[PDB]
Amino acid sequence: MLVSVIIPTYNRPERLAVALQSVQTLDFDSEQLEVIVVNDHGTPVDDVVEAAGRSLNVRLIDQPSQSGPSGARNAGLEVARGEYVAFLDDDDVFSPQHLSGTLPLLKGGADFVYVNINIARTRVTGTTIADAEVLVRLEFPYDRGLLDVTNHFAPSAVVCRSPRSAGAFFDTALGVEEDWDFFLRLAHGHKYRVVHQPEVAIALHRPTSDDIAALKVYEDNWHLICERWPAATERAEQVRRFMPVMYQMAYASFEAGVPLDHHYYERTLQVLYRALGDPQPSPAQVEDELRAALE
């Protein structure tokens, strides 16, 4: 009724158990909450789901074919009855404040809250987020249009007004950055009021020919998405120009068989945020920082 948790899942029955248990330890009245698990035509997870359902109002949906996270999430958005929807990937965990920390902002007039993200390089549980080897923390406020440049959060961090009621769904033609496209669909396409909640955190758990072709899917979907959704300030429209620069440097390294920094994208976001801010750096300066971020 109040909140629908949507968990797309695929061949990770055991991570899905951790995510569900992190819903069960929510500091929240469970009579107001439903959970929708969507098996994207992988190994069955009935016994995993029938276990948690002894406490949560849980629904298991079985896809007719492997549809990608877009098609699986959409299946959840279609039946989610909550005024509000909270996405949770099957390999991530909520903190117990995930809803008590976001719902007051939504009831107050927000349409879309994202919380802080801890990039967890060790597996954790919901009540033990702050016992993990935290590699990076994504905590960028919404004051600069960073989200217009490229994505800086993840669906496990998002609680938002019923997208089925807005008629806003995931694009099934995108297997990567389908979330970036969806966030802009809500914020621009449907004028959702985006608000950052920095007092709540999730734990997000995260070959050359292999790598070059992989990042190329990302750049090409990033161009697609940029073209579909123009930036809502001129500075952000200018700072998009440094993304193909960052890609070119990534490709250069990959071709020389040199590895990039572990979280070079997340170091890149910090450079792009800087470039969007009060004293504006010259492009040669950003370029030098994109270097360090990637080295």
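Throughout, we count residues from 1 along the sequence that is shown.
Colleague: Between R206 and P207, how many residues of the deposited sequence have no coordinates in this entry: none, 1 to 3, 4 to 9, or 10 or more?
Modeller: In the deposited sequence, 4 to 9 residues between these two have no coordinates.
Colleague: Quick one: say whether 210 to 218 or 164 to 172 has the higher mean Cα B-factor in the deposited entry.
Modeller: In the deposited entry, the stretch with the higher C-alpha B-factor mean is 210 to 218.
Colleague: In the PDB record, does 103 to 111 or 125 to 133 carry the higher mean Cα temperature factor?
Modeller: The entry gives the higher C-alpha B-factor average to 125 to 133.
Colleague: For the listed residues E234, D46, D40, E31, which one has the largest C-alpha B-factor as given in the deposited model?
Modeller: Highest CA B-factor of the listed options: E31.
Colleague: Just grab whichever of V35, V239, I61, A250 has the top CA B-factor as deposited.
Modeller: Of the candidates given, the C-alpha B-factor peaks at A250.
Colleague: Within this chain's modelled residues, let me know which third the CA B factor of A120 belongs to: lowest, middle or highest.
Modeller: Its C-alpha B-factor, which the entry lists for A120, ranks in the highest third among residues of this chain.
Colleague: Where does the C-alpha B-factor of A293 rank in its chain, lowest, middle or highest third?
Modeller: Highest third, going by the recorded CA B-factors of the chain.
Colleague: How does the C-alpha B factor of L276 compare with the rest of the chain: lowest, middle or highest third?
Modeller: It falls in the middle third of the chain.
Colleague: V286: which third of its chain by C-alpha temperature factor?
Modeller: According to the entry, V286 has a C-alpha B-factor in the chain's highest third.
Colleague: Quick one: classify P230 as lowest, middle or highest third of the chain based on its Cα B-factor.
Modeller: Lowest third - that is where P230 ends up once the chain's C-alpha B-factors are sorted.
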